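K.L.:
Quick one: the structure is below, and I'll ask about it shortly.
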C-alpha cells in the first residue's frame with residue numbers, strides 16, 4: 001500500500017506567468033495562429049515580428065486586441 005505526499009514537484013511550469021498569442025489569418029483562405037508565453041507584453045512584440053516575417057507582400061495586417069489586450073489577431077489584407 002503506497003500513500004501520497006503532495007503532487008510530484010511540477011518540473012514544467014506553474015501555468016507560466018502569462019501566455020500571449022498571435023494569429024496569422026489570410027484572405028486567400030489560409031488562416032493560421034501562433035503563441036509565445038513567458039513575460040507579458042514582452043511577447044506582444046515577438047508576436048508583431050512573428051506576423052512581420054509573414055509579410056509576403058500581402059499588404060500587412062491589422063493587430064487585433066482581445067483578452068485584456070494580450071491576444072492579437074494579426075489579419076493580413078491582400
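Numbering (the authors' numbering), first residue to last: 1 to 78. Yeah, the Cβ is synthetic: ideal placement off N, Cα and C, and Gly gets one too.
1) Below 8 Å on the Cβ atoms is my guess for residue 43 versus residue 20; work out the distance and round it to an integer in Å.
2) Would you kindly report the start and end of the unbroken beta strand (DSSP E) that includes residue 77?
3) Are the CB atoms of residue 47 and residue 59 nearer to each other than 7 Å?
4) Does DSSP put residue 49 in a helix, a strand or coil?
5) Output the distance between the C-alpha atoms of residue 66 and residue 1, rounded to the nearest integer angstrom.
P.N.:
Reading off the structure:
1) Counted from its first residue, the chain shown places residue 43 at position 43. Counted from its first residue, the chain shown places residue 20 at position 20. Right, their Cβ atoms sit about 4 Å apart.
2) Sequence index remark: in the chain shown, residue 77 carries index 77 (1-based). Note, residue 77: premise wrong, no beta strand (DSSP E); not H, not E.
3) Here residue 47 refers to the residue found at position 47 of the chain shown. Here residue 59 refers to the residue found at position 59 of the chain shown. No, these two residues do not count as a Cβ contact at 7 Å.
4) Taking the first residue of the chain shown as 1, we reach residue 49 at position 49. Residue 49 falls in the helix class under three-state DSSP.
5) Residue numbering aside, residue 66 sits at position 66 when the chain shown is read from its first letter. Residue numbering aside, residue 1 sits at position 1 when the chain shown is read from its first letter. Distance between the alpha carbons of residue 66 and residue 1: 50 Å.
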